[PDB]
Each structure stands twice: as C-alpha cells, then as structure tokens.
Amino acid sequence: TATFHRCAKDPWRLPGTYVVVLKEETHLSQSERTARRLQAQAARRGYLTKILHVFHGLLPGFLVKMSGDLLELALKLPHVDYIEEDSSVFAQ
C-alpha cells in the first residue's frame, strides 16, 4: 500500500531526488537501515544512489538522489509509507 507522488505543476518538478517517508513510529536506527537497504538493492541492479540526509524528529525517512527506475523497488522496502519526488518552492 506504499504510494508514489510528484508535483502536479510539471515545470516545478525536480526529478532525480526523492523523499522516502517511513511509517509513523519508525526509529532513526531503522530509517538508516532502510536507506542502506535501498543502496544495496540498487547496487545489485547496477544503480548508484546517494543518501543526502536522514530525517528524524518530525517525519522518519531519508532524502535520496537516484534514478526514478528504482521507485517500484523502493516502494517495496520494509517500513515505507510513501515516496514523493522533490519540487520547487518560491518566495511569496
């Protein structure tokens, strides 16, 4: 039941950088394990990934720079709630 989301305003999309959000009470130790799991699974298939940051305090998860090809596989990782493609924000 994990889902993928991306900005409806196409020119505001930032493909190649994804926010992997994990289930509500996921611990920082598990978010770090999941990001390493994504990296090992992607490496197996010949894909390079970079974990840019690991979140905790508000939402459990991590920021990853990777090919969108990996999203079917990333959605099947344990503890994943949803994945959202990065997008632009602007000064008002």
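All residue numbers are counted from 1 along the displayed sequence.
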request  = Rank-wise, by C-alpha B-factor, drop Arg44 into the lowest, middle or highest third of its chain.
outcome  = highest
request  = Using the B-factors in the PDB entry, rank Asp69's C-alpha atom against the chain and give the third, lowest, middle or highest.
outcome  = middle
task = Consider only the C-alpha atoms of the modelled residues in this chain, order them by B-factor as the entry records it, and name the third containing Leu77: lowest, middle or highest.
result = highest
ask   = Within this chain, which third does the Cα B-factor at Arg37 fall in: lowest, middle or highest?
value = middle
key: Third of the chain, ranked by Cα B-factor, where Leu28 sits   = highest
